[PDB]
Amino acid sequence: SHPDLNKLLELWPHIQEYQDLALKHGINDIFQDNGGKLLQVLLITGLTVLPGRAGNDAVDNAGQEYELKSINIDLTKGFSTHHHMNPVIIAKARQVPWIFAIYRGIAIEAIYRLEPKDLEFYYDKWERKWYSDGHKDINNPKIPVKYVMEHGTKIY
């Protein structure tokens, strides 16, 4: 074993407390799919993830659905979307507003909200390309951070 293991065990009970808090709010694993980050976004905005959901999508008090995305700006400048983008995937996205959280490693920096109308620009681009390519799935096209900051409404 490595020497740092002693530090790990010392921090552990606190990490378990975090996992417990996450469980209390519908998140089963803080170590996958940005789980530990999703929790922070939910408590700041007041949104909720329901049991039986399909991924990182949430609802507010009035029942409105939202798609949540996170980026680490210390590494990249474009938000990931789907590793197999096509019209069926886009169809799931079209009607709901998106919530974009910006992170500096682990420190939350800002949160933006974009409406479907502010995103049609990209849906049209991807759809237009999918056809041209002979119906080839697009491997993870990106949405630029600058675009989000310029067209969206800052809520944090």
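Residue indices: 1-based, along the sequence shown.
- Between the stretches 35-43 and 125-133, it is 125-133 that shows the larger average CA temperature factor.
- Comparing 66-74 with 103-111, the stretch with the higher mean C-alpha B-factor in the PDB entry is 103-111.
- Annotation for residue 142: CA B-factor lies in the middle third of the chain's modelled residues.
- Ranked within its chain, residue 155 lands in the lowest third, by CA B factor from the PDB record.
- In this PDB entry, residue 23 carries a Cα temperature factor that places it within the middle third of its chain's modelled residues.
- Compared with the other modelled residues of the chain, the Cα B-factor recorded for residue 54 ranks in the highest third.
- Compared with the other modelled residues of the chain, the Cα B-factor recorded for residue 90 ranks in the middle third.
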